[PDB]
Amino acid sequence: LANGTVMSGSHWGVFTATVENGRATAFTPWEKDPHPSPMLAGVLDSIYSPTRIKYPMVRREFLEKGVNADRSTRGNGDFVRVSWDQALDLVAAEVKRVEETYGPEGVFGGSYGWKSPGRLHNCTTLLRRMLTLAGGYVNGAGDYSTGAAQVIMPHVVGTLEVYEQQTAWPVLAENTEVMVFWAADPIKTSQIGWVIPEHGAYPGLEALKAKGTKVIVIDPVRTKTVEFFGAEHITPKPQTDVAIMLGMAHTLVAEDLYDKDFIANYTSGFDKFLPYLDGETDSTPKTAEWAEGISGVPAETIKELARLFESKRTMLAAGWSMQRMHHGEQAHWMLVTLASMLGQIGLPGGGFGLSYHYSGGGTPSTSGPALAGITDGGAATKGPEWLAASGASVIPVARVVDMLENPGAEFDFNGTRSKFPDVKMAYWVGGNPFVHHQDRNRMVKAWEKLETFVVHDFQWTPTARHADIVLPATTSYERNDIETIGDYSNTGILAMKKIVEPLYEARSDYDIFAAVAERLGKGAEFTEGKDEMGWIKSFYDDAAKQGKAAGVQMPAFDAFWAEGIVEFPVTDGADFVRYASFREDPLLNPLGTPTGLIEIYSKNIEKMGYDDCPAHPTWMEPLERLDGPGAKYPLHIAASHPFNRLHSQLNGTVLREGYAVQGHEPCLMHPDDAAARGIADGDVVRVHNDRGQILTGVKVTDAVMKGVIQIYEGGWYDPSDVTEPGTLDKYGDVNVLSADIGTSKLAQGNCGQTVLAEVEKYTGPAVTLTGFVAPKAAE
Ligand SMILES: NC1=NC(=O)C2=N[C@H]3C(S)=C(SO)[C@@H](COP(=O)(O)OP(=O)(O)OC[C@H]4O[C@@H](n5cnc6c(=O)[nH]c(N)nc65)[C@H](O)[C@@H]4O)O[C@H]3NC2=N1
Ligand SMILES: NC1=NC(=O)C2=N[C@H]3C(S)=C(S)[C@@H](COP(=O)(O)OP(=O)(O)OC[C@H]4O[C@@H](n5cnc6c(=O)[nH]c(N)nc65)[C@H](O)[C@@H]4O)O[C@H]3NC2=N1
Ligand SMILES: [Mo+6]
Ligand SMILES: [O]
């Protein structure tokens with residue numbers, strides 16, 4: 001049996017595995033990783049945990065009745081174990097039947113999800129590769145992270161902005177005087193990467209603290225970011241950040257401090273925004289005192305913050321939670337507008353940055369080449385013949401349930417009108433929509449419209465428990481692959497080597513789709529005559545020929561594989577200043593906006609005439625907010641990203657023991673809010689509102705501000721009874737309480753953090769958790 005060490009990587013970093021008699025027994029972090037993540041131990045455990053999917057399973061009702069099956073029982077665990085040949089035939093038959101009967105509009109292939117890194121074993125692209133050969137599919141656009149901000153930014157600054165390289169960390173160390181983390185917890189969220197992370201922000205944060213720079217955190221929760229710096233902490237009522245920004249802007253106008261030259265030469269439309277700010281249009285001057293009444297943040301604090309930002313070199317590093325809410329578009333639009341008034345855009349250490357908390361943004365980029373990977377083939381096809389009627393071929397990701405509920409209906413998106421297709425089948429790989437999507441009870445009922453639902457995963461998630469057909473996938477650690485280290489830095493290329501043999505009857509997504517493509521008569525088209533190592537060698541060889549051309553030397557494929565990693569050099573990467581060239585000469589280097597300047601007022605958005613997205617940053621009442629006029633529930637749920645999970649990943653591993661409270665997902669509550677309900681620390685509680693009800697376990701702390709509770713997203717939904725409408729979730733999936741609505745007509749983003757609820761001590765009948773053990777028939 002195999003004994004030795006093997007280096008690989010993941011979403012949590014680079015590591016070395018210890019293998020003993022063919023079993024991975026420890027994962028040790030890479031020696032050059034400046035800040036390893038404590039979740040590595042959970043990654044290892046994820047391979048062997050009790051929720052690992054062993055065999056291909058078919059839903060008993062679906063097996064016996066096909067499309068006439070009762071669809072209300074999806075999720076009850078009544079599965080039938082089948083052979084791979086049986087399951088593959090069924091999957092291929094169903095894909096073919098739906099394509100022939102309904103056309104490409106009948107198959108939803110968006111399959112949103114964080115999957116695993118790797119250029120070959122990219123399950124979502126592999127699924128689209130197969131669906132392409134099958135006749136077509138409906139896809140998803142945008143994402144659940146910057147759903148509103150990625151659509152508003154291009155109308156304001158010209159590009160996406162959120163997924164672009166930031167002013168380098170070192171530039172910040174020598175020039176920044178005031179660092180503001182606005183709705184950002186970089187310490188918590190910098191642990192993972194889309195591709196292998198280099199954890200480059202930790203060293204960057206460490207240099208700011210060593211320099212003694214003043215740090216301000218604006219967040220309702222006292223996070224590790226606050227604690228790490230001993231920062232001045234401002235706690236607004238969730239969803240009122242725009243009110244505070246207007247209050248600050250108003251102060252800068254009233255005391256005549258803002259930068260008129262900056263505004264005059266680099267922006268457009270300020271004069272159309274001024275009247276609103278002064279109350280000329282609505283009779284409501286947006287003062288610091290007016291902001292105080294809405295946000296709860298003292299008027300004088302708001303004025304002192306405004307003045308400090310204007311007199312010191314300030315960097316506004318904003319997170320994404322505050323645009324994952326109703327009217328999300330205004331949050332970063334107003335932030336840029338405030339940034340414009342301060343006049344530091346394009347100066348070393350000043351301006352704003354939207355990716356300092358995500359995937360190493362700000363870590364100096366190397367001069368290394370770009371790495372490519374398997375494609376879905378669409379760019380060299382001549383896909384479906386599509387047209388309105390049948391409907392749109394692309395929907396904004398968060399409108400999947402609206403689509404199911406309203407086939408043929410029209411919807412708005414960024415100035416256009418399209419129709420919802422009539423989807424009959426959904427195929428999901430590498431995602432967990434039964435945890436990640438909003439308003440669980442609404443979505444549980446809307447799923448009944450799908451005849452067939454196919455899922456691949458290696459863990460028994462809520463999504464997999466609800467499938468008609470479940471196929472067991474392998475982890476990254478049971479195969480070979482290649483991937484980039486550093487989403488922005490491009491630190492190097494890593495060989496992701498196989499650690500152990502596939503467990504049970506698990507198969508890679510690639511092999512599964514290969515076999516399904518074979519049954520549709522398209523085997524060679526899918527595989528291209530290459531095997532695993534042939535694909536990986538061609539990605540590397542292409543990068544090397546690109547490297548060569550640019551003067552970067554790279555070893556031959558087998559030399560690279562023997563080493564396991566290539567590292568690229570940093571040349572001018574550490575001196576990068578975002579927007580510097582625009583500041584230096586705006587006429588020669590203008591933005592990609594109609595006017596070529598920062599658009600505070602948008603004529604383009606004006607012509608769309610959307611009620612929920614005015615032509616300039618505006619304060620608007622959200623669906624529900626803490627202490628809002630007529631608010632029905634009293635507590636705001638900060639349903640943010642989990643510290644010891646990657647979304648739902650690693651919930652069914654040994655890490656859960658360290659944070660669960662009586663077996664349930666933890667809930668942070670302030671002592672005063674606990675006292676009022678006669679709630680003691682460690683008690684099981686019922687959290688509920690009009691959309692659903694869930695059980696969590698309380699942790700009493702003053703880390704959360706009064707009026708706010710913290711229940712992280714990602715908990716595995718564990719319904720008491722799937723056939724009972726609004727059944728109680730026994731574990732703690734925060735998305736059973738959120739609403740499923742668009743941010744506005746412009747972006748249609750998710751409003752996953754626009755949630756209010758009530759909490760009461762749980763006194764009902766004892767409950768048995770069943771989400772962390774495999775379905776009985778799957779053992
Ligand atoms: N109320 C909410 N608040 C929020 O803040 C919140 N966040 C969003 C955002 S920001 C995201 S990402 O943009 C989504 C993430 O949902 P996702 O389904 O990507 O989550 P995961 O728990 O990472 O599911 C991944 C899934 O894939 C499996 N897997 C891994 N490797 C592969 C593979 O190679 N083969 C297969 N077939 N499967 C793979 C994992 O095991 C895992 O189950 O959440 C939003 N919701 C929010 N709500
Ligand atoms: N460890 C960890 N696990 C993860 O699951 C995770 N996921 C990754 C992904 S996919 C992304 S897209 C990003 C998300 O990065 P993002 O900035 O969207 O993260 P959140 O955890 O949702 O919110 C961050 C902070 O915003 C605060 N906040 C909430 N609402 C308000 C409010 O209205 N006003 C203010 N001022 N602040 C508020 C929260 O309290 C929290 O500390 O993180 C990434 N990093 C990840 N880290
Ligand atoms: Mo995200
Ligand atoms: O994401």
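Just so it is clear, the values below take in all heavy atoms, side chains as well, and ignore hydrogens, waters and symmetry mates. Whatever order the structure lists them in is the order used to number ligands and atoms, beginning at 1. For the single chain, residues carry numbers from 1 onward in sequence order.
- Of all the listed residues (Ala149, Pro642, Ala317), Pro642 holds the heavy atom that lies closest to atom 2 (C) of ligand 2.
- Considering only non-hydrogen protein atoms, atom 12 (S) of ligand 2 sits nearest to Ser145 OG, 2.6 Å.
- Of the candidates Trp114, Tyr112, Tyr712, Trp114 is the only one forming a ring-ring contact (aromatic ring centres under 6.0 Å, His included) with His647.
- Remark: ligand 2 atoms within the under-4.0 Å shell around heavy atoms of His357 are 15 (O), 17 (O).
- Within ligand 2, counting atoms from 1 as listed, the ones closer than 4.0 Å to a heavy atom of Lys188 are 1 (N), 2 (C), 21 (O), 47 (N).
- For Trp320 and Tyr358, the ring centers are positioned less than 6.0 Å apart.
- Between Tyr144 and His437, the angle of the ring planes goes over 60°, which puts this pair in the perpendicular group of the 30/60° scheme.
- Judged purely by atom type and a 3.5 angstrom limit, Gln165 uses its side chain to pair as donor or acceptor with the backbone of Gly362.
- Residue-to-ligand polar distances place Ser321 within reach of ligand 2: an N/O pair is separated by less than 3.5 Å.
- Interface atoms of ligand 2 facing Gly319, defined by a heavy-atom separation under 4.0 Å, are 17 (O).
- The shortest contact between atom 30 (N) of ligand 2 and any protein heavy atom is with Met325 CE, 3.5 Å.
- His456 and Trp428 have their aromatic ring centers separated by at least 6.0 angstrom.
- None of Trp182, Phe181, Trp169 except one satisfies the ring-ring contact (aromatic ring centres under 6.0 Å, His included) rule with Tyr356; the exception is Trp169.
- For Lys699 and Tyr659, the positive end is not near the middle of the six-membered ring at less than 6.0 Å and at most 45° from its axis.
- At a threshold of 4.5 Å between non-hydrogen side-chain atoms, the residues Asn139 and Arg128 count as touching.
- For atom 41 (C) of ligand 2, the nearest non-hydrogen atom of the protein is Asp219 OD2, 3.5 Å.
- Near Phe643, with a cut-off below 4.0 Å to any heavy atom, the atoms of ligand 2 are 1 (N).
- Shortest contact from atom 32 (C) of ligand 2 to any protein heavy atom: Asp241 OD1, 3.4 Å.
- Test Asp729, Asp740, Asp718, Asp733 against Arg440 for salt bridge (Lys or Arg N to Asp or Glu O under 4.0 Å) and you get one pass: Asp733.
- Scanning the protein heavy atoms around atom 17 (O) of ligand 2, the nearest turns out to be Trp320 N, 2.8 Å.
- Of all the heavy atoms of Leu646, the ones lying under 4.0 Å from any atom of ligand 2 are found in both the backbone and the side chain.
- No side-chain N or O of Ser738 forms a donor-acceptor pair with one of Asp439 less than 3.5 Å apart.
- Closest to atom 7 (N) of ligand 2, if we only count protein heavy atoms, is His641 ND1, 2.9 Å.
- When each atom of ligand 2 is checked for a heavy atom of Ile218 under 4.0 Å away, the hits are 35 (C), 36 (N), 37 (N).
- The part of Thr223 lying near ligand 2 is the side chain, judged by heavy-atom distances below 4.0 Å.
- Using modelled atom types and a 3.5 Å distance limit, the side chains of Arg119 and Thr484 yield a donor-acceptor pair.
- The atoms of ligand 2 that sit less than 4.0 Å from any heavy atom of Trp114 are 10 (S).
- Given atom 3 (N) of ligand 2, the protein heavy atom at minimum distance is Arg645 O, 2.9 Å.
- For atom 45 (N) of ligand 2, the nearest non-hydrogen atom from the set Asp185, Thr189, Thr225, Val162 belongs to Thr189.
- Atom numbering of ligand 2 starts at 1 in the shown order; those under 4.0 Å from a heavy atom of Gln239 are 33 (O).
- The environment of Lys224 atom NZ is sparse: at most 12 non-hydrogen atoms of other residues, nucleotides or ligands sit within 6.0 angstrom.
- When non-hydrogen atoms are compared, ligand 2 lies under 4.0 Å from neither the backbone nor the side chain of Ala638.
- Compare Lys224, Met39, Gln323, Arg324 by their heavy atoms: the one nearest to atom 22 (O) of ligand 2 is in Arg324.
- Remark: the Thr461 side chain and the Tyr717 side chain contain no N/O donor-acceptor pair separated by less than 3.5 Å.
- Both the backbone and the side chain of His647 come within contact range of ligand 2, each with a heavy atom under 4.0 Å.
- In terms of protein heavy-atom proximity, atom 24 (C) of ligand 2 is closest to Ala183 O, 3.8 Å.
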